[PDB]
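K.L.:
Structure in structure tokens, see below.
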Amino acid sequence: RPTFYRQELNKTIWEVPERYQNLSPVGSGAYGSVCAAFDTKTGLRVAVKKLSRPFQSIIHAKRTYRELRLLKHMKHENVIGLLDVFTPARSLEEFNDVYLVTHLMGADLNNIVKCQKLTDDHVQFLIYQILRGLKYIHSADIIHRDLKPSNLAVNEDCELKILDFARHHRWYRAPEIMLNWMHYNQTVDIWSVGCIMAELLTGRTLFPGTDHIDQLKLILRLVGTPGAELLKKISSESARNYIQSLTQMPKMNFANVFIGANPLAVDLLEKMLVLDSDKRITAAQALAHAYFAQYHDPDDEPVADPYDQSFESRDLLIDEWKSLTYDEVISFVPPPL
Ligand SMILES: CC(C)Cn1ncc2cc(Cc3ccc(F)cc3F)c(C(=O)NCCN(C)C)cc21
Ligand SMILES: Fc1ccc(-c2n[nH]cc2-c2ccncc2)cc1
């Protein structure tokens, strides 16, 4: 066991091993508190997240267990991974805090898009990496659910990583969630990617809606009201009525909306921003799209080992979720240096 040291940043107490030095806050919220730090054992700059009240309730305890399982499983260049997880506690009895460690990235995508407009080649490489990481995540039957510029981090090399999965198990959310459809599939993420790609090409949020209703009407204005094939798939009575009563609007021509953009980019957006989720393009299929010929390599777009999410359906006590989390802390194995 290593030796810990203690200090106060903002109003948070931080107890971490000596190897992590020069902690400086990065931000805080419901997710907990994040600090940038230097790892003397490896020489890397790292990001340390201290979970907030990890075992204060059953919802928190399960959430803590969920995040740790996910991060321990992700082993992919475009997905955030676990460098280390530790607790200052020496036993299950005193186990009360969990810290997570990962490589520090240069900036989030929301600090690039507004600082600069992106060339078509940059958009190619950035979107390509998101999809490469999404293919991996989706191969494990995991849905991110909250893909958005602030959840994508980039290095000065333009290397990208997907961060902070939505622990749910807004301008970027698929319309079937605005309609509250409880059976949305993994292509909800592909919709998010489409809204992101469009924003990089134009510099403007594609669907800057003020609420759920306003959001949907901005989406239908671009992709048009749903056809009869999609009408036949809606079970909700209120939804069906709301949609059949809206003044009908045609699908606009993306080539005209996105004038001057690479025609291969326009084509990909049209395959991503499809209202009917069954017809939306998949991450695996989008990687083979001609827009990414510069970067596509079918022997270097790997898939993930099978991920067991059976715990999601379990109804346990706080002490049981806590103990299961402790087990995952102890059995952690750092990645090969
Ligand atoms: C913006 C730069 C600091 C780039 N950067 N690089 C790595 C990294 C990790 C995090 C969060 C995080 C996740 C796993 C982990 F084990 C340790 C962690 F710290 C955050 C962050 O602060 N996320 C806040 C939550 N928001 C986005 C919803 C930011 C990160
Ligand atoms: F206006 C819309 C927008 C999106 C959808 C939709 N796309 N994929 C699945 C659905 C959907 C929505 C609600 N109920 C069932 C299915 C249906 C109508």
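Chain labels run A, B, ... following the order of the structure tokens; each chain numbers its residues from 1, and ligands are numbered from 1 in the order shown.
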Write out as a list in words the residues lying within 7 Å of residue A:147, counting only C-alpha atoms and excluding same-chain residues fewer than 3 positions away.
P.N.:
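The residues that qualify are residues 144, 151, 189 and 192 of chain A.
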K.L.:
Using only C-alpha atoms and all ligand atoms, which protein or nucleic acid residues are at most 6 Å from ligand 1, as a PyMOL selection string?
P.N.:
chain A and resi 34+47-49+82+100-108+150-151+153+164
K.L.:
Expressed in Å to a single decimal, how great is the separation between atom CA of residue A:180 and atom 11 (C, counted along the ligand's line) of ligand 2?
P.N.:
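It comes out at 8.3 Å.
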K.L.:
Could I get the residue neighbourhood of ligand 2 at 9 Å, counting only C-alpha atoms and all ligand atoms, as a PyMOL selection string?
P.N.:
chain A and resi 174-185+188+216-217+219-220+224-227+230-236+239-240+242-243+274-280
K.L.:
From a DSSP pass on the backbone, collect the residues of stretch 51-286 of chain A flagged as helix (DSSP H, G or I) and hand them back as number ranges by chain.
P.N.:
A: 58-73, 109-111, 120-139, 149-151, 175-178, 188-202, 212-223, 228-231, 237-245, 254-257, 263-272, 283-286
K.L.:
Pull the strand (DSSP E or B) assignments for stretch 43-201 of chain A out of DSSP run on the backbone, and list those residues as a list in words.
P.N.:
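Selection result, strand (DSSP E or B) within stretch 43-201 of chain A: residues 45, 46, 47, 48, 49, 50, 79, 84, 85, 86, 99, 100, 101, 102, 103, 107, 108, 152, 153, 154, 160, 161 and 162 of chain A.
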K.L.:
Could you produce a table of the residues of stretch 158-194 of chain A lying within 10 Å of stretch 266-269 of chain A, with the nearest pair of atoms per residue and their separation in Å rounded to one decimal, using only C-alpha atoms, ordered by chain and increasing residue number, as a tab-separated table?
P.N.:
```
residue	atom	partner	partner_atom	distance
A:190	CA	A:269	CA	9.9
A:191	CA	A:269	CA	9.2
A:193	CA	A:269	CA	9.0
A:194	CA	A:269	CA	5.8
```
K.L.:
Residues within 8 Å of residue A:55, please, as an MDAnalysis selection string. Count only C-alpha atoms; anything in the same chain fewer than 2 positions from it doesn't count.
P.N.:
chainID A and resid 53 57:58 60:61 64 96 318 322
K.L.:
Store the residues picked out above in a file with N, CA and C atoms, as a JSON list (two decimals), in the first residue's frame.
P.N.:
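The resulting file, result_1.json, is reproduced below:
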```
[["chain", "number", "residue", "atom", "x", "y", "z"],
["A", 53, "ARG", "N", -19.99, 11.91, -2.47],
["A", 53, "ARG", "CA", -20.86, 11.10, -1.62],
["A", 53, "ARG", "C", -21.13, 9.74, -2.26],
["A", 57, "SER", "N", -26.42, 6.96, -0.70],
["A", 57, "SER", "CA", -27.72, 6.35, -0.93],
["A", 57, "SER", "C", -27.55, 5.14, -1.84],
["A", 58, "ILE", "N", -28.64, 4.41, -2.04],
["A", 58, "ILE", "CA", -28.60, 3.26, -2.95],
["A", 58, "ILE", "C", -28.35, 3.74, -4.38],
["A", 60, "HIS", "N", -26.74, 6.44, -5.33],
["A", 60, "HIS", "CA", -25.34, 6.82, -5.43],
["A", 60, "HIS", "C", -24.44, 5.59, -5.44],
["A", 61, "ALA", "N", -24.70, 4.64, -4.55],
["A", 61, "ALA", "CA", -23.85, 3.45, -4.46],
["A", 61, "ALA", "C", -23.85, 2.68, -5.77],
["A", 64, "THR", "N", -21.94, 4.63, -8.37],
["A", 64, "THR", "CA", -20.50, 4.45, -8.16],
["A", 64, "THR", "C", -20.04, 3.11, -8.72],
["A", 96, "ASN", "N", -15.00, 4.90, 2.24],
["A", 96, "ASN", "CA", -15.97, 5.97, 2.06],
["A", 96, "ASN", "C", -15.69, 6.89, 0.88],
["A", 318, "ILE", "N", -27.20, -0.61, 0.40],
["A", 318, "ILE", "CA", -26.05, 0.29, 0.25],
["A", 318, "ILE", "C", -24.77, -0.44, 0.62],
["A", 322, "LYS", "N", -21.66, -1.09, -1.83],
["A", 322, "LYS", "CA", -20.36, -0.61, -1.37],
["A", 322, "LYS", "C", -19.33, -1.73, -1.39]]
```
K.L.:
May I have the residues within 9 Å of stretch 131-136 of chain A as a list in words, using only C-alpha atoms and disregarding those fewer than 2 positions away in the same chain?
P.N.:
residues 74, 76, 77, 78, 79, 126, 127, 128, 129, 138, 139, 140, 143, 144, 161, 162, 189, 190, 193, 282, 283, 284, 286, 287, 301, 302, 303 and 304 of chain A
K.L.:
Output the selection as an mmCIF file, in the first residue's frame - C-alpha atoms for each residue.
P.N.:
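Contents of the output file again37.cif:
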```
data_model
loop_
_atom_site.group_PDB
_atom_site.id
_atom_site.type_symbol
_atom_site.label_atom_id
_atom_site.label_comp_id
_atom_site.auth_asym_id
_atom_site.auth_seq_id
_atom_site.Cartn_x
_atom_site.Cartn_y
_atom_site.Cartn_z
ATOM 1 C CA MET A 74 -12.871 0.314 -21.560
ATOM 2 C CA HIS A 76 -9.487 1.575 -26.445
ATOM 3 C CA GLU A 77 -7.472 4.510 -27.739
ATOM 4 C CA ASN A 78 -10.497 6.784 -28.301
ATOM 5 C CA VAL A 79 -12.246 5.891 -25.019
ATOM 6 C CA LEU A 126 -12.186 14.107 -35.205
ATOM 7 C CA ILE A 127 -15.443 12.479 -36.302
ATOM 8 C CA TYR A 128 -13.523 9.392 -37.431
ATOM 9 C CA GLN A 129 -12.131 8.933 -33.918
ATOM 10 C CA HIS A 138 -21.466 -0.309 -29.001
ATOM 11 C CA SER A 139 -19.742 -3.664 -29.543
ATOM 12 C CA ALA A 140 -20.047 -4.106 -25.756
ATOM 13 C CA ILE A 143 -24.853 3.266 -25.004
ATOM 14 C CA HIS A 144 -23.126 6.543 -24.191
ATOM 15 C CA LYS A 161 -11.139 10.461 -26.480
ATOM 16 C CA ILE A 162 -14.755 9.950 -25.442
ATOM 17 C CA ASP A 189 -25.409 8.106 -30.185
ATOM 18 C CA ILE A 190 -25.118 8.320 -33.967
ATOM 19 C CA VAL A 193 -22.466 12.477 -33.636
ATOM 20 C CA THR A 282 -24.300 2.513 -37.507
ATOM 21 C CA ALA A 283 -20.842 3.370 -36.226
ATOM 22 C CA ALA A 284 -19.343 0.333 -37.960
ATOM 23 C CA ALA A 286 -20.126 4.989 -40.938
ATOM 24 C CA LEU A 287 -16.438 4.140 -40.487
ATOM 25 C CA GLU A 301 -11.085 -0.559 -35.677
ATOM 26 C CA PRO A 302 -11.419 -3.155 -32.916
ATOM 27 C CA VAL A 303 -14.322 -4.351 -30.798
ATOM 28 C CA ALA A 304 -14.681 -4.842 -27.045
#
```
K.L.:
Smallest atom-to-atom distance to residue A:173: which of A:71, A:152, A:195, A:159, using only C-alpha atoms?
P.N.:
A:195
K.L.:
Residues at most 10 Å from residue A:72, counting only C-alpha atoms, excluding those fewer than 4 positions away in the same chain, as a list in words?
P.N.:
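Everything that qualifies: residues 67, 68, 80, 81, 82, 83, 84, 85, 328, 329, 332, 333 and 334 of chain A.
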K.L.:
For atom CA of residue A:45 and atom CA of residue A:24, determine how far apart the two atoms are, in Å to one decimal place.
P.N.:
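Between atom CA of residue A:45 and atom CA of residue A:24 the gap works out to 11.4 Å.
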K.L.:
To one decimal place in Å, what is the distance between atom CA of residue A:148 and atom CA of residue A:163?
P.N.:
9.8 Å
K.L.:
Near residue A:13, counting only C-alpha atoms, which residues have an atom at most 12 Å away, once you skip same-chain residues fewer than 3 positions from it, shown as a PyMOL selection string?
P.N.:
chain A and resi 5-10+16+23+25+32-35+50-52+88+97+99
K.L.:
Go ahead and write the residues just picked, N, CA, C and O atoms, as an mmCIF file, in the first residue's frame.
P.N.:
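And here is the file that came out, again_30.cif:
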```
data_model
loop_
_atom_site.group_PDB
_atom_site.id
_atom_site.type_symbol
_atom_site.label_atom_id
_atom_site.label_comp_id
_atom_site.auth_asym_id
_atom_site.auth_seq_id
_atom_site.Cartn_x
_atom_site.Cartn_y
_atom_site.Cartn_z
ATOM 1 N N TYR A 5 -1.210 11.631 1.231
ATOM 2 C CA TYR A 5 -1.093 12.965 1.802
ATOM 3 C C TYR A 5 -2.396 13.714 1.565
ATOM 4 O O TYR A 5 -3.143 13.423 0.627
ATOM 5 N N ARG A 6 -2.629 14.721 2.404
ATOM 6 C CA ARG A 6 -3.941 15.325 2.595
ATOM 7 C C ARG A 6 -3.859 16.830 2.385
ATOM 8 O O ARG A 6 -2.867 17.462 2.757
ATOM 9 N N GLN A 7 -4.906 17.402 1.790
ATOM 10 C CA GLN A 7 -4.936 18.829 1.495
ATOM 11 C C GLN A 7 -6.369 19.224 1.157
ATOM 12 O O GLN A 7 -7.245 18.371 0.987
ATOM 13 N N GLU A 8 -6.591 20.535 1.046
ATOM 14 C CA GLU A 8 -7.918 21.109 0.832
ATOM 15 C C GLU A 8 -7.885 21.980 -0.419
ATOM 16 O O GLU A 8 -7.196 23.006 -0.447
ATOM 17 N N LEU A 9 -8.622 21.571 -1.449
ATOM 18 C CA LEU A 9 -8.784 22.350 -2.672
ATOM 19 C C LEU A 9 -10.241 22.772 -2.797
ATOM 20 O O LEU A 9 -11.147 21.946 -2.639
ATOM 21 N N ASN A 10 -10.460 24.052 -3.097
ATOM 22 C CA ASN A 10 -11.794 24.628 -2.987
ATOM 23 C C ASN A 10 -12.324 24.312 -1.592
ATOM 24 O O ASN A 10 -11.679 24.659 -0.598
ATOM 25 N N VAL A 16 -4.663 11.614 -1.439
ATOM 26 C CA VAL A 16 -4.173 10.825 -2.569
ATOM 27 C C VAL A 16 -2.746 10.376 -2.293
ATOM 28 O O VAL A 16 -2.036 10.967 -1.466
ATOM 29 N N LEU A 23 -1.641 19.025 -7.494
ATOM 30 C CA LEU A 23 -3.065 18.988 -7.796
ATOM 31 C C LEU A 23 -3.604 20.405 -7.954
ATOM 32 O O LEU A 23 -3.384 21.263 -7.093
ATOM 33 N N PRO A 25 -7.395 22.286 -9.199
ATOM 34 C CA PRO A 25 -8.772 21.969 -9.593
ATOM 35 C C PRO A 25 -9.019 22.212 -11.072
ATOM 36 O O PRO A 25 -8.410 23.082 -11.697
ATOM 37 N N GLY A 32 -18.899 14.948 -9.069
ATOM 38 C CA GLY A 32 -17.816 14.990 -8.107
ATOM 39 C C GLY A 32 -16.878 16.146 -8.389
ATOM 40 O O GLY A 32 -17.307 17.183 -8.904
ATOM 41 N N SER A 33 -15.598 15.982 -8.066
ATOM 42 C CA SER A 33 -14.594 17.012 -8.292
ATOM 43 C C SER A 33 -13.423 16.414 -9.052
ATOM 44 O O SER A 33 -13.007 15.285 -8.777
ATOM 45 N N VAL A 34 -12.890 17.176 -10.004
ATOM 46 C CA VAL A 34 -11.796 16.727 -10.854
ATOM 47 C C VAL A 34 -10.598 17.637 -10.642
ATOM 48 O O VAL A 34 -10.742 18.860 -10.530
ATOM 49 N N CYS A 35 -9.414 17.033 -10.594
ATOM 50 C CA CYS A 35 -8.162 17.754 -10.437
ATOM 51 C C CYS A 35 -7.163 17.269 -11.473
ATOM 52 O O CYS A 35 -7.101 16.074 -11.778
ATOM 53 N N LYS A 50 -12.633 12.797 -7.777
ATOM 54 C CA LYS A 50 -13.126 12.339 -6.483
ATOM 55 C C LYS A 50 -14.647 12.302 -6.550
ATOM 56 O O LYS A 50 -15.295 13.346 -6.675
ATOM 57 N N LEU A 51 -15.216 11.103 -6.467
ATOM 58 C CA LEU A 51 -16.664 10.977 -6.498
ATOM 59 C C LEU A 51 -17.281 11.712 -5.314
ATOM 60 O O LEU A 51 -16.680 11.829 -4.242
ATOM 61 N N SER A 52 -18.496 12.209 -5.519
ATOM 62 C CA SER A 52 -19.214 12.974 -4.508
ATOM 63 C C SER A 52 -20.181 12.051 -3.778
ATOM 64 O O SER A 52 -21.086 11.481 -4.397
ATOM 65 N N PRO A 88 -8.306 6.071 0.279
ATOM 66 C CA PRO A 88 -7.439 6.181 1.462
ATOM 67 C C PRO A 88 -7.801 5.207 2.567
ATOM 68 O O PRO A 88 -6.997 5.019 3.488
ATOM 69 N N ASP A 97 -14.503 6.854 0.273
ATOM 70 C CA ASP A 97 -14.192 7.697 -0.871
ATOM 71 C C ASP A 97 -13.544 6.867 -1.968
ATOM 72 O O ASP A 97 -12.840 5.889 -1.700
ATOM 73 N N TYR A 99 -11.434 7.484 -5.732
ATOM 74 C CA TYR A 99 -10.760 8.371 -6.669
ATOM 75 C C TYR A 99 -10.441 7.608 -7.947
ATOM 76 O O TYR A 99 -9.994 6.458 -7.895
#
```
K.L.:
Would you kindly return, as a compact mmCIF listing (two decimals) with N, CA, C and O atoms, in the first residue's frame, each protein, DNA or RNA residue with an atom no farther than 12 Å from any atom of residue A:255, considering only C-alpha atoms and excluding same-chain residues fewer than 3 positions away?
P.N.:
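Written out: result_38.txt:
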```txt
# COMPACT_ATOMS: atom_id res chain seq x y z
N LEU A 222 -35.78 20.37 -40.26
CA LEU A 222 -34.68 19.97 -41.14
C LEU A 222 -34.97 18.63 -41.82
O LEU A 222 -34.84 18.52 -43.04
N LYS A 251 -38.63 17.15 -45.95
CA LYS A 251 -37.21 17.04 -45.68
C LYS A 251 -36.46 18.07 -46.52
O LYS A 251 -36.55 18.05 -47.75
N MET A 252 -35.75 18.97 -45.86
CA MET A 252 -34.92 19.91 -46.59
C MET A 252 -33.75 19.18 -47.24
O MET A 252 -33.37 18.07 -46.84
N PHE A 258 -26.21 22.84 -45.86
CA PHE A 258 -24.77 22.84 -45.60
C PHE A 258 -23.98 23.24 -46.84
O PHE A 258 -23.03 22.55 -47.23
N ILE A 259 -24.34 24.36 -47.47
CA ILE A 259 -23.69 24.74 -48.71
C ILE A 259 -22.18 24.89 -48.49
O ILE A 259 -21.72 25.26 -47.41
N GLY A 260 -21.41 24.57 -49.54
CA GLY A 260 -19.97 24.70 -49.50
C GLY A 260 -19.25 23.59 -48.77
O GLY A 260 -18.02 23.52 -48.86
N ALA A 261 -19.96 22.72 -48.07
CA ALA A 261 -19.32 21.62 -47.35
C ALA A 261 -18.99 20.48 -48.31
O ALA A 261 -19.61 20.32 -49.36
N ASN A 262 -18.00 19.69 -47.92
CA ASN A 262 -17.59 18.54 -48.71
C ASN A 262 -18.81 17.66 -49.01
O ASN A 262 -19.49 17.23 -48.07
N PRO A 263 -19.11 17.38 -50.28
CA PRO A 263 -20.30 16.56 -50.58
C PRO A 263 -20.30 15.22 -49.89
O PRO A 263 -21.38 14.67 -49.63
N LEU A 264 -19.13 14.66 -49.58
CA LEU A 264 -19.10 13.40 -48.83
C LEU A 264 -19.50 13.62 -47.37
O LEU A 264 -20.05 12.71 -46.74
N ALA A 265 -19.23 14.81 -46.83
CA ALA A 265 -19.71 15.12 -45.48
C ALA A 265 -21.22 15.30 -45.46
O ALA A 265 -21.90 14.81 -44.55
N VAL A 266 -21.77 16.00 -46.45
CA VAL A 266 -23.22 16.14 -46.55
C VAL A 266 -23.88 14.77 -46.58
O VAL A 266 -24.86 14.52 -45.87
N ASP A 267 -23.35 13.87 -47.41
CA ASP A 267 -23.96 12.55 -47.54
C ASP A 267 -23.95 11.80 -46.22
O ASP A 267 -24.95 11.16 -45.86
N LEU A 268 -22.85 11.86 -45.47
CA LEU A 268 -22.79 11.16 -44.19
C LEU A 268 -23.79 11.74 -43.20
O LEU A 268 -24.45 10.99 -42.47
N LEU A 269 -23.91 13.07 -43.14
CA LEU A 269 -24.89 13.69 -42.26
C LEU A 269 -26.30 13.21 -42.58
O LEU A 269 -27.11 12.99 -41.67
N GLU A 270 -26.62 13.06 -43.86
CA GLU A 270 -27.95 12.60 -44.24
C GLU A 270 -28.21 11.18 -43.75
O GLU A 270 -29.35 10.83 -43.46
```
K.L.:
Counting only C-alpha atoms, which residue out of A:200, A:317, A:213, A:246 sits closest to residue A:116?
P.N.:
A:200
